[PDB]
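Two versions of one and the same chain are coming, encoded as structure tokens; call them structure 1 and structure 2.
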Structure 1
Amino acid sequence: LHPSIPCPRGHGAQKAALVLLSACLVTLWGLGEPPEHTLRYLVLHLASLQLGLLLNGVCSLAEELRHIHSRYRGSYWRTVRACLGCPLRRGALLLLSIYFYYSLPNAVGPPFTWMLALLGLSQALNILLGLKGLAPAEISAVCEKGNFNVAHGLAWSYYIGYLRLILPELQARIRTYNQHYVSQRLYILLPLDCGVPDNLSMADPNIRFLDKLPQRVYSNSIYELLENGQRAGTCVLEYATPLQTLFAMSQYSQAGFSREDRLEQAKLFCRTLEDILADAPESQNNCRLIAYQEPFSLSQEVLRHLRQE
């Protein structure tokens, strides 16, 4: 393609680690220290590192528990899974550590508690002082692991392509429509299931096409909402086009894009678009975002936002 295009990161770090392991093993052999001390240091280092990761995961879970409904379907198992790996394993070594602590001969106890408290203090400093800060090489590695982090791209493409050019003149469009023939402000429907029908009527019988809007093609339709048959106001309704890409992404079947990733990114896209639109020059009192999940009547969902005006 181009020599300036980065190739995907390989395993040079693993090769460097192999070389470093060989060099350190050779040096340790040369120094002539007993292998027992090497094994002891490795066991201690691994145990200390995993206890530090346990403390870091507990600290994160103290914050990740706040998104229990939003992120982990309200079940604690996945929240603990996503914060400190396998909870069954972690519990197994937790009980092993409790046994070790309660089985010391009391001539080693307070020293061991002192060491444990020092490790906890070091981990707390690491979290508070930010010494566990990812280098941007590692950040880039995470953000390039797979081609699924589409939420930011979809949100920004949507904004620039459509909303940056629709909203500025939309108010004038609605004004001329009202003068010639209410319907205030654009409404973007955000189904987290990302099910976008061709037209809105089959999605909800209380939403029926009324008319188009004057003035590329920029085909925006005016929809009227019926509450118990009575038309309880009308509004310009519109599905989020980029949510069609996520739906088609999962049906692609060669991307490996699952339904769970479909919902995770629709949720991320839902938040990102609001953040972009919060400070956008041409979105103040000019559009509304309606996010809903199928378990519910769409008409009432849209109607609730018209009352606030």
Structure 2
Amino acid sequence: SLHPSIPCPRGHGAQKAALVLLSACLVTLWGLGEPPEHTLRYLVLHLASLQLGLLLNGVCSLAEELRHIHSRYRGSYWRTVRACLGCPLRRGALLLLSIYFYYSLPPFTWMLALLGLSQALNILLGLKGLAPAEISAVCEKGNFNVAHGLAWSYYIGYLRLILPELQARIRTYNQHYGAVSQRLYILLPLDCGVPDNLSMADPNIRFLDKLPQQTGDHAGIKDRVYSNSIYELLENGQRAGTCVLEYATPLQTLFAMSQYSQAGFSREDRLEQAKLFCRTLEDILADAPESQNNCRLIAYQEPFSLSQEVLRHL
């Protein structure tokens, strides 16, 4: 519910489609009025072909990966073989079953050579690639996303370091001094726009003062200084509200990555990873122990006044 454009996690629509396809194929096989022992024989033979093709692809991948045995696989052949062929025991059982089914069910070495040729063509010309939807699904399942690491690092390195101390500093500033809200408002620009000043993003927002700076050592730096800025959110020139505004710096860096050529990062990838960053940041703040209603994410996309949105969240 952060923003309507944020993608929801993938469910089981592909599984439902596969179930429907399985049902339809069973219905049409029954309706063909043709003996089912041949059906089972063909199905077993086809799965055997798929298993042997996977074996050959994994053997080629193993030939590639045996150079990285000391680097990625800590100098062990077993981990390399597991990486390139899945579980060795189950894969071996399936390959022996497939070999037996070919050598038993009614040539074989000719089919084996031709299947090896097909697998070689698949590897060399890239026939069996990966569609963008498949890559996205695999990355989201295995958390192989730039945004996942970026948002978890934003939470661990910054947010959990300040949030309770930030509430304490807000209380101290209020009692010393138009009270400021006791929460850090972090803006998430989905599409674009991450100026170094809130005034540049919107002149209606004006820097008011600075919170009592927090100085604590963090990752090899003695007395690291945190300086959070209070902003007045005005409305027709009057102080409608005031609170601690901030921008999610990993979003700025996602934009910068999309700018650089060496990053291998595209505008579509930039927007997608910004959406995932916001999604997983909200997801981990929901279950965070530090987040105790002392942090508010304001996700927005420019089609617009930021100050009105911040007041709406206030």
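For numbering, take structure 1's sequence and count from 1. Only the largest set of C-alpha atoms that superpose within 1.5 Å between the two forms is called the rigid core. Shifts are known only where both forms have a C-alpha.
Relative to the superposed rigid core, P281 undergoes a CA displacement smaller than 2 Å between structures 1 and 2. Once both forms are fitted on their core, the CA shift for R164 between structures 1 and 2 remains under 2 Å. Core-aligned CA deviation for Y187 between structures 1 and 2: less than 2 Å. Here the rigid core is superposed, and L263 then shows its C-alpha moved by 0.6 angstrom between structures 1 and 2.
If you overlay the core, the Cα of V142 moves by 4.6 Å between structures 1 and 2. Taking the core as the fixed frame between structures 1 and 2, we note the C-alpha of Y76 moving 47.6 angstrom. Taking only residues common to both forms and fitting on the rigid core, the CA shifts of 2 Å or more between structures 1 and 2 cluster into runs of 3 or more residues at 1 to 105, 111 to 149, 182 to 184, 193 to 195, 254 to 256.
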